[PDB]
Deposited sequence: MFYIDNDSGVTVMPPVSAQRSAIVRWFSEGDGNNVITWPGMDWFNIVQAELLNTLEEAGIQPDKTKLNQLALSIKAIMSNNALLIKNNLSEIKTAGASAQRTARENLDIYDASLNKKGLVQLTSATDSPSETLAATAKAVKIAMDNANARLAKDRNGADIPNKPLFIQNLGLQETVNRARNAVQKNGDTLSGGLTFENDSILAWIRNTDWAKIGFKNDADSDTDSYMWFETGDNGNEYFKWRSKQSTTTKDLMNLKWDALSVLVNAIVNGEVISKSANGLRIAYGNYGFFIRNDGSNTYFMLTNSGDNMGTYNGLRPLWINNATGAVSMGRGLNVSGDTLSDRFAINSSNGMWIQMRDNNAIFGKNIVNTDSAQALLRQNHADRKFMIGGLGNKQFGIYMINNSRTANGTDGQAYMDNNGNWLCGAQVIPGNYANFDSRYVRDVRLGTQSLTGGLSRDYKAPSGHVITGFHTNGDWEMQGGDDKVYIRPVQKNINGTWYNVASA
């Protein structure tokens, strides 16, 4: 049995043909081999076909997180050459046809709402955009409201700022020929090319009419200030008014009947006016009171202003038949029978003339 001890010893040893199946404590064998940490790190290893993590991942160099598929991609990286790098940034990139883009969306239960898309030619915000800072465009057609039939936009071309309009059905389009309002950027002057309608008072230092030149009858159509509403026949309408301390003066008219100057004292309460000087519908000029010229020459030359008898003279006491000279009347007698006579005289325009006898 001395070889039985050698046989039992051999029987206590790992058999080639059993390939480790005869190891009595396999976890200890792995341990003794030095493989426990290998076992533990492989048990805790993120798997390439997907996994869940309980700690964070950190890239320590210039490495990229990518989705790469069908020769296209989405990529996140961090550009940073040194701590002092003046153009360092986290970047997000899509490729490789130019039309792969960026989308932000949120989910409430099973509903998905897209919030923002960023594409090659435009950031599309599908919700509101609320900016605490200033909103600045560096394009000429900088600010647009494309809503409904016509778009509205502000165009600053560097020299003038326009309020612009599109044609109908083209609210994203270029401007048409309308120029409702623009500003001269160098001088501040405001212009409007399609007229202006003001409710209430329009106050200005001066009003300049783009005034016209032409024939008499074209005064109907000259550029002017005018009353848009006709004056009704036999109704009163003033178009211009000057206030004085105790009275007001008006340019206006009685429809189809009168046009001119009217005065109303502030103390008046009964209907009417206190002074009138106006043209009627036949072209006469009428005044409710006196017409006082500074020079009366064209009137004084029309009328007799005085009549008188001139100096008395005596004829020669003479014949049985006598006729007084032209313009004279008999004013006495002296009996050689003489007769007194005087000339009748008329004052025209400051000169005394002798009357004529037919």
Counting from residue 1 of the deposited sequence, where are the gaps with no C-alpha coordinates? 1-137, 473-481
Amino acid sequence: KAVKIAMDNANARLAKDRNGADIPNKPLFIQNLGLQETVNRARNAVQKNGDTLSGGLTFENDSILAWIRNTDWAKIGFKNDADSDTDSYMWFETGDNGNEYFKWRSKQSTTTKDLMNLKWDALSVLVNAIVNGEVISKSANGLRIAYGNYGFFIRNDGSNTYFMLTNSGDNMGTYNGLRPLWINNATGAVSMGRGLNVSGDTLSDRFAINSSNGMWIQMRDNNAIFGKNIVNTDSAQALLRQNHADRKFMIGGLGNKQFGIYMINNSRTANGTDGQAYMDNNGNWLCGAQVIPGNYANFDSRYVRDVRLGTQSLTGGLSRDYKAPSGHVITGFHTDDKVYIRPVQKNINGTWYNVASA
From here on, numbers count along this sequence of modelled residues.
3-11 set against 348-356, stretch whose average Cα temperature factor tops the other in the entry: 3-11
Higher average CA B factor in the deposited record is what I'm after, so tell me if that's 78-86 or 162-170. 78-86
Given 64, 304, 30, 297, identify the residue with the highest C-alpha B factor in the PDB entry. 30
For the C-alpha B-factor as written in the entry, point me to the maximum among 57, 46, 291, 329. 329
Residue 284: which third of its chain by C-alpha temperature factor? middle
Residue 270 - Cα temperature factor, lowest/middle/highest third of chain: highest
